[PDB]
Every structure is written in C-alpha cells, then in structure tokens.
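A single chain comes next, written as structure tokens; it is the form deposited in one PDB entry.
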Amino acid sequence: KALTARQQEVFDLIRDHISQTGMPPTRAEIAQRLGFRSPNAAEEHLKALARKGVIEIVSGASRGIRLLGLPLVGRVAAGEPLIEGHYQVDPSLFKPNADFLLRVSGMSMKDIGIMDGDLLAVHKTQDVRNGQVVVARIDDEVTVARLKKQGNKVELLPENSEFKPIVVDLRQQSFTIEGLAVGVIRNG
C-alpha cells in the first residue's frame, strides 16, 4: 500500500527533522512545520504511516518514531562447474558502482588476485568492452573471465597458465552478459 500525497510529505518531514536535529519530531513539531493547527492531524497521519508499514510508533515514548547492503546472489564459475545473503558494503566504493556480489568458484583468475572463495563485486550491465573482466552466462552457467568478442566468436580468457580460454559461438550457444567485475572482497 503506497503513501498518499500528504502522507509522503509527513514521512519526508520526519526524515528531514532527524537529519537536521538528530532526533525524531514531536507531534507538535510535525504540526508546526507542516502548518497544522492541531497536533492530532500529525498523530493520525503517523498512525496511517504505521498502518502502511513505513514507520514504527513506540507507544508512550516521546519522539517515538522509527523509520523502517550488497546482495550475494550465488556463485560464479572460474573454471569449476556451477540469492543467499546480504553484506553491508558501500556500493559507491567501486567505479562504476557495484550492484551485487558473486562468490568465485575456481582458480582461473588466479594471476590477477581473484581466488577461489572470493566475493566478486559486479556492476549490473550488458555494455562491456573487450579486455574487461566480465561476468558472462553460458547455457545457465555463470562464468567470470576476460572478454574478447569478435562477432559470432566470443573468447573468454582466463588469468592462469594452466587454464585454457573458453571459445563460445553464439550461433549454437546461449550467451548473456550479466555484468562487469568492478572489485573483489575476501573475508575467508
């Protein structure tokens, strides 16, 4: 259930007042700021927002208004055959901004510091140039490699002396660019 034009204005004010004072507004402060002659107008507006499920009202407590990271969506193949959890990491820490994370499975990207078990930061896009590290999907198998497209022939280059490049023909195999690899997180 979406908020009304005036309910959104109250929600926006609460968000602004917390940002400006460091504490939620009182019903009298909401009324004063929005132009209500009665604090009850603010009260019943808060009850509606609580019913919509955007705020929580702590009963009895003064200024008792509660306003209600990068997701690990699975595994990416780095040589070895193929939603899980949330990690509180800043998205704008990468260039371009990371949208999701994939747990790397394999050692094909060893030489560039991408290891088996690493959390690969990925920016959701289909636009990737050659030479860039891409997260590509071949017949329902998500794979990480360095991109080299030549029309109907697509080479997926590894960063390992032991691993061979995966050659894909689009005329007989399904291919989807999932995104661009923008960074790596290791935790154990």
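Residues that one form lacks are left out of the comparison. Between two forms, the rigid core is the largest collection of C-alphas that superpose within 1.5 Å. Note that residue numbering begins at 1 and tracks the sequence as displayed.
Keep in mind that the form deposited in another entry is not shown, yet the notes after this line are about it.
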| query | finding |
| --- | --- |
| Entry of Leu119, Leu147, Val142, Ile30 that shows, once the rigid core is matched between this form and the one not shown, a C-alpha shift of 2 Å or more | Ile30 |
| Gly131: Cα shift of 2 Å or greater between this form and the one not shown (core-aligned) | no |
| C-alpha of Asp12 off by 2 Å or more between this form and the one not shown on rigid core | yes |
| Rigid core fit then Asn40 CA moved by 2 Å or more between this form and the one not shown | yes |
| Mobile segments between this form and the one not shown [3+ consecutive residues, each C-alpha shifted 2 angstroms or more, core superposed] | 1-68, 74-76 |
